Structures are given as C-alpha cells and as structure tokens.
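Cβ coordinates were reconstructed from backbone atoms using ideal geometry, including for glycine residues, and neighbour counts include every protein chain displayed. The numbers here are math on the coordinates, done by the rules we state, and not lab data.
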Amino acid sequence: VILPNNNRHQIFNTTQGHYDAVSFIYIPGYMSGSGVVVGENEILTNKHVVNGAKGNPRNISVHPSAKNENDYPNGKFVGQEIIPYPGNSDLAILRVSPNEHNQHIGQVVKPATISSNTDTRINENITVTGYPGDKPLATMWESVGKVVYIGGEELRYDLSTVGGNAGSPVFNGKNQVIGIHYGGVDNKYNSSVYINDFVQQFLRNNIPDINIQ
C-alpha cells in the first residue's frame, strides 16, 4: 500500500550487487509478483503468489534481475515444485528447473544472503525491492523506510509498496534478507514474513546451500 513515506527509485543495474537475486514473477490476462533467489534452484516468494498457478508450478516464470519487459538479462526459469512454509505465514519456496542451457538459477545470479535477524529491531532503516505493478512491467524498484513492528513471523514497515511487490525481499543495511514482503493495510503499514528461527529451520531443511549470516 502507498503510505506517506513513498520513497521509491528504479534500479537500472539489476544484475549488479545485491539486486541480481531480486526476481520478477509472471503467471498467465496475467498476474505478476516478486521474489528472491536464495539457493541453487530456489526462490522465496509468497503463498498467495504461487497459489495463482492453481497447482501447476510450470505456469510460473521467474526472471531474476529483470530490468524491463524487453530486457531479461538472465532469461527465465520455470517453476518445478512449490514448497509452502508449514506455518501460518505467506511464505513459499519455489524450486525452478534449470534453463535451456542447463544453468541453475543460483549459478546465474548470486543467491541472496539471509539475515539471522539477531540484530533486527524497530526503527531500523531497510529497503523492499521488487516489481511494483504501478510501474512498467518487469521494472525493478527499491522502496526506502523503517521497521515499525516485529512480532512472531510478522515484520512491518512504513515504506510504500504496490500490488506486484508480493514476494519482494526486505533488505537490511548489510543487504541481507530479513523478511519477504506480502502486502499491507491501507493507511497503516506494509507487512512481511519475518525470517525468524523457525523460518530459518524451514530454509535449511529445504535449501541445503542457504546462506544465513
């Protein structure tokens, strides 16, 4: 949702630095979302995003580092298996197949570093980076703000997001993923799945190369 803090800027060097793992999701109209590469064959996104495929992961296209609708520098990877988080939060792993050159998604971009969240606190400056639907299709935007709430598996912030941002990584100042954006409440806050210790266990047990720091 759009909040009084609406500080959003387009990313152009989408294959460089921590942006390469940020991914555009397209599911045939169409729905679109966001996600983040975190392992050799794996992205994180929302349940409500992968649910749009109606049980067929092959309906999901993942474009890591997408720059615009005519510029997918790392091509696409097709959904292979949906692994929902068992807990009551909007988090899923999407395992993708290798591409047409037999490259794995976590070989073409550097998988994102996950935060242990040992230091994460309210008032901390963060970003949410992904593919908002008010902007041109498949353009990457970074939104700037602060954490306002941490509780259980919920982390909320005062920065603006728009439909299409679902699944976007929430980055701390070290460019580590602290949460996965899922939506918000008009005029109040936006919300993410907080990567707490239980979420970290789920990641380790499904993504053996997960990099938690």
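Only residues that are in contact with a strand residue (DSSP E or B) (Cβ under 6 Å, 6 or more places away or on another chain) and over 22 Å from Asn206 (Cα atoms) were counted across the range 53-70, and they come to 1. Of all residues in the range 3-47, those satisfying the criterion of being of a type in the set (D, E, K, R) and either in a strand (DSSP E or B) or out of contact with any helix residue (DSSP H, G or I) (no Cβ under 8 Å at 6 or more places or on another chain) (or both) are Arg8, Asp20, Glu42, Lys47. The set of residues in the range 43-63 being of a type in the set (D, E, K, R) and closer than 14 Å to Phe77 by Cα consists of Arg58 alone.
Give me a count of the residues in the range 19-42 that are under 16 Å from the mean Cα position of the chain (by Cα) and either among the aliphatic types (A, V, I, L, M) or surrounded by fewer than 19 Cβ atoms within 10 Å (Cβ to Cβ) (or both).
9
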